[PDB]
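In: this one is an experimental structure. Sequence first:
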Amino acid sequence: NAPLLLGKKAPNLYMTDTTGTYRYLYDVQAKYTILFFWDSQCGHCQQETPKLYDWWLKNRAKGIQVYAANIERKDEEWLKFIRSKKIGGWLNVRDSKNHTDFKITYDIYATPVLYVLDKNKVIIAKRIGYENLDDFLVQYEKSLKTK
């Protein structure tokens, strides 16, 4: 695996939603997709996940989905976190059908990890913090105009 690059299509993910039903990354329709890899075992009070959710609630009508890719190999703790932290509204998925190698394909070590993708799943931001999203989207859109 070569490391991921700006301007390349993010690798597809064949992950499943909270009902166990396939929701492929490439099948998501959204002006921007936030690809977000996370792990409930990082703690019940982990900060990035619910704060991104709060951000998403405020910005989603702009045409933004979060493909919230939980990296765990069991359902129980993932679902418990979704319920208790009340983050069920976005696209929660897990690799329940074993199609994703998070280390080879996406280089996931420490979690959480965030990518911003455009409408065609091209990588436009790599591993930036949720707190830099608003500014990243402003500058990105200005950059489309200039040229």
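Out: Looks like it arrived, so ask away. Numbering: from 1, shown residues only.
In: quick one: strands adjacent to the one helix or strand residue 69 maps to?
Out: Secondary structure from DSSP states H and E places residue 69 in strand 64-70. Using DSSP bridges, the neighbouring strands of strand 64-70 in the sheet come out as strand 32-38 (parallel), strand 91-94 (parallel).
In: nearest to residue 139, out of those?
Out: In this view, the strands paired with strand 64-70 are compared for proximity to residue 139 by C-beta to C-beta, and strand 32-38 is the closest at 13.5 Å. Every C-beta, even on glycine, is put in place using the N, C-alpha and C of the backbone.
In: deepest-packed of the strands paired with strand 64-70, please.
Out: Using mean count of other C-beta atoms under 10 Å, the stretch among the strands paired with strand 64-70 with the greatest mean number of neighbours is strand 32-38 (a mean of 23).
In: what are the buried residues along stretch 59-72?
Out: Along stretch 59-72, these residues count as buried under the neighbour rule (16 or more other C-beta atoms under 10 Å): 59, 60, 64, 65, 66, 67, 68, 69, 70, 71, 72.
In: show me what the third one is bridged to.
Out: In other words, residue 64. Per DSSP bridges, residues listed as beta-bridge partners of residue 64: residue 32.
In: so what's it up against?
Out: Contacts were defined as C-beta atoms under 8 Å, 6 or more residues apart in numbering; by that measure residue 64 touches 30, 31, 32, 33, 34, 56.
In: quick revisit: of all the strands paired with strand 64-70, which one is nearest residue 131?
Out: Within those, the stretch nearest residue 131 is strand 32-38; the backing value is 13.1 Å (C-beta to C-beta).
In: could I get the closest one in PDB with only the CA atoms?
Out: This file holds the C-alpha atoms of strand 32-38, laid out as PDB (Å, rounded to 0.1, in the frame of the first residue of the first chain):
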ATOM      1  CA  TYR A  32     -18.900  16.400   0.800                       C
ATOM      2  CA  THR A  33     -18.300  13.200   2.600                       C
ATOM      3  CA  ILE A  34     -16.400  13.300   5.900                       C
ATOM      4  CA  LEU A  35     -14.700   9.900   6.200                       C
ATOM      5  CA  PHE A  36     -14.300   9.400  10.000                       C
ATOM      6  CA  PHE A  37     -12.600   6.300  11.500                       C
ATOM      7  CA  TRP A  38     -13.200   5.900  15.200                       C
END
